[PDB]
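For reference, the structure discussed in these notes is given below.
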Amino acid sequence: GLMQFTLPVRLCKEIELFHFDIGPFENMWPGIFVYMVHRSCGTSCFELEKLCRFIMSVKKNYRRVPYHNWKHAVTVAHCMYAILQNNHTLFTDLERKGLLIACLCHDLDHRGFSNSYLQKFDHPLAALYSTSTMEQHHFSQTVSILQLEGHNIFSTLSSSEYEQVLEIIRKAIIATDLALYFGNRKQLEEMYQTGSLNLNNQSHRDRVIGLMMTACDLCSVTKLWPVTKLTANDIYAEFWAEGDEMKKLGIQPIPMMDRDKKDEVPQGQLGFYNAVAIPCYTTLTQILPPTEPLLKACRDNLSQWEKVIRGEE
Ligand SMILES: O=C(Nc1ccn2nc(-c3ccccc3)nc2c1)c1cc(Cl)nc(NC2CC2)c1
Ligand SMILES: [Mg+2]
Ligand SMILES: [Zn+2]
């Protein structure tokens, strides 16, 4: 009860910033997550013993893939932590509990392959879940781990509070399906601009949490340039492996996933910043002004990719 997690001074200060990098010491990531839960939620939100057992079972159920791994889980949870800490009064007690857990769990048991690849491969998960294939799997893995003995971090919640938090987690994880992001953001844009956005409307909160989930999930593009640049290598290592597997099925992959088209990566990153990233952090900044640093960092990185094209690096 009186046992606080504390970080070294540089981490204690920089963990509060949006652009924080959790570092290469894997053994410190559990403690970093617990630190964030304790400051974001409270030392009373979760039984430390159950939380620690939950975190380590979640770690175990992330795979050794180049990008969609345990480091991505904690990175996305830290971005959520930064959003929640900069928007103290906007979120309920259940939302703060659910969302850090949702982020830690959002890519559970990811194989490094897109929903498209599972569908073209005819993977069993594609017959079980026709849309948002991997995201419904991630939620399924989350419920499975929550039901392991001594793993129920929500056991002190009432029957209906428990159902509400698992519903927050489900919607939050489904929302990380980038196919659903485009329509979610357009609706939020219209709602904010016609002035109809209402944070007491549950369907409206859902949409806003969805966009936060997209923002945290994409947060590699909101880091300092050396982090963003080196993370891109991991992202494309997965894409190119999927491109290879598409070629094994007798299907020319999209250029994004073709390792023969590495030269077109800088222009491909521009498209992504302009079509996905900037629009995402812009609408997020309109709804939640204190998330402006994410939009600023994203714009800085767009400018760095422009410099790559111009041969200035
Ligand atoms: O970089 C990312 N996305 C993109 C999107 C479109 N294109 N198009 C190209 C391209 C087009 C022509 C020639 C060469 C390359 N490259 C990309 C990269 C990215 C970043 C983060 Cl942070 N997350 C995710 N997440 C999803 C994986 C689930 C994805
Ligand atoms: Mg995912
Ligand atoms: Zn993710």
Side-chain angles (χ1 to χ4, degrees), residues 18-19 21 58 61-63 65-80 99 102-118 125 129 131-142 169-182 210 212-223 225 227-243 246 252-281 294 297-298 301-302 304-305 308-309:
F18 284 101
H19 60 266
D21 178 274
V58 174
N61 283 285
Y62 275 93
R63 295 177 177 265
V65 291
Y67 177 70
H68 283 100
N69 53 37
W70 175 233
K71 192 181 190 157
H72 171 67
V74 179
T75 293
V76 168
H78 161 268
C79 193
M80 184 57 77
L99 284 174
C103 287
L104 193 69
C105 291
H106 82 284
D107 270 330
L108 262 167
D109 191 40
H110 206 289
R111 326 297 175 106
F113 297 115
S114 67
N115 289 336
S116 260
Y117 176 69
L118 285 206
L125 291 176
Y129 311 121
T131 61
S132 299
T133 302
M134 283 305 312
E135 294 79 20
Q136 299 202 58
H137 182 58
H138 303 316
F139 178 66
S140 189
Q141 295 280 284
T142 305
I169 290 164
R170 189 185 62 77
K171 290 168 182 164
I173 292 182
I174 298 305
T176 60
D177 180 5
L178 208 64
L180 297 176
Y181 151 70
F182 300 98
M212 288 158 66
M213 289 299 299
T214 307
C216 300
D217 195 22
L218 292 195
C219 77
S220 146
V221 302
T222 72
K223 305 305 184 187
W225 171 241
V227 176
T228 297
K229 184 186 166 186
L230 288 162
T231 308
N233 290 338
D234 299 331
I235 298 177
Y236 280 101
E238 294 202 357
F239 289 165
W240 294 335
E242 180 166 326
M246 288 288 195
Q252 259 300 124
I254 67 187
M256 180 187 327
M257 290 176 193
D258 192 347
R259 62 173 75 253
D260 296 330
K261 305 191 176 163
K262 303 211 183 188
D263 38 298
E264 300 164 51
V265 160
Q267 195 60 46
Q269 285 291 298
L270 284 202
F272 183 77
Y273 278 76
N274 285 315
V276 188
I278 302 291
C280 172
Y281 296 112
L294 291 170
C298 186
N301 281 318
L302 171 53
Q304 289 303 289
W305 284 110
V308 175
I309 293 173

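Order of appearance sets the numbers: ligands from 1, and atoms from 1 within every ligand. In what follows, every heavy atom counts, from backbone to side chain, and hydrogens, waters and symmetry copies are set aside. All residue numbers in this chain count up from 1 along the given sequence.
Of all atoms in ligand 1, listed by their number and element, those nearer than 4.0 Å to a heavy atom of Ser220 are 22 (Cl). Near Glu264, with a cut-off below 4.0 Å to any heavy atom, the atoms of ligand 1 are 13 (C), 14 (C), 15 (C). The contact set between ligand 1 and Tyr67, taken as ligand atoms under 4.0 Å from a residue heavy atom, comprises 22 (Cl).
Seen from the Zn ion (ligand 3), atom OD2 of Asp107 and atom NE2 of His106 lie 90° apart in angle, a value rounded to 10°.
No hydrogens or angles considered: nothing links the side chains of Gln269 and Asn301 as a donor-acceptor pair under 3.5 Å.
The nearest protein atom to atom 16 (N) of ligand 1, hydrogens excluded, is given as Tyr236 OH, 2.7 Å; this is a heavy-atom distance. At the shortest separation from atom 4 (C) of ligand 1 among protein heavy atoms lies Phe272 CD1, 3.4 Å. Ranking the protein heavy atoms by distance from atom 26 (C) of ligand 1 puts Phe239 CZ, 4.5 Å first. Of the protein's non-hydrogen atoms, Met256 CE, 3.6 Å is the one closest to atom 8 (N) of ligand 1. For atom 9 (C) of ligand 1, the nearest non-hydrogen atom of the protein is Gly268 CA, 3.4 Å. Of all protein heavy atoms, the one lying nearest to atom 12 (C) of ligand 1 is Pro255 CB, 3.7 Å.
Annotation: side chain of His68 is in contact with side chain of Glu238 (closest heavy-atom distance under 4.5 Å). Contact annotation: the side chain of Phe239 never approaches that of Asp234 to less than 4.5 Å [non-hydrogen atoms, C-beta and beyond]. Between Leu294 and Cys280 there is no side-chain heavy-atom pair separated by less than 4.5 Å. Residues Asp217 and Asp107 form a side-chain contact, since some pair of their non-hydrogen atoms from C-beta on lies under 4.5 Å apart. Side-chain contact between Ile174 and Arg170 is present, with at least one heavy-atom pair separated by less than 4.5 Å.
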(request) Starting from the C-alpha separation in whole Å, work towards a yes-or-no answer on side-chain hydrogen bond (donor to acceptor under 3.5 Å, both in side chains) for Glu242 and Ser114. (result) CA-CA 8 Å; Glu242 180 166 326; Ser114 67; 2.4 Å; yes

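Residue contacts with ligand 1 for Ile235 involve side-chain atoms from C-beta outward but no N, CA, C or O (heavy atoms, distance under 4.0 Å).
Under a 4.0 Å heavy-atom criterion, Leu218 is in contact with ligand 1. At least one heavy atom of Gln269 sits less than 4.0 Å from an atom of ligand 1.
Proximity of the aromatic rings of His110 and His137 is defined here by a centroid distance below 6.0 angstrom, and this criterion is not met.
For a distance bound of 2.8 Å, the N, O or S atoms of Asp107 include one lying that close to the Mg ion (ligand 2). Coordination check, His72 versus the Zn ion (ligand 3): passed, since an N/O/S atom of the residue sits under 2.8 Å.
The atom name of the N/O/S atom in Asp217 closest to the Zn ion (ligand 3) is OD1.
Between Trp240 and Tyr236, the ring-plane angle classifies as tilted under the 30° and 60° cut-offs.
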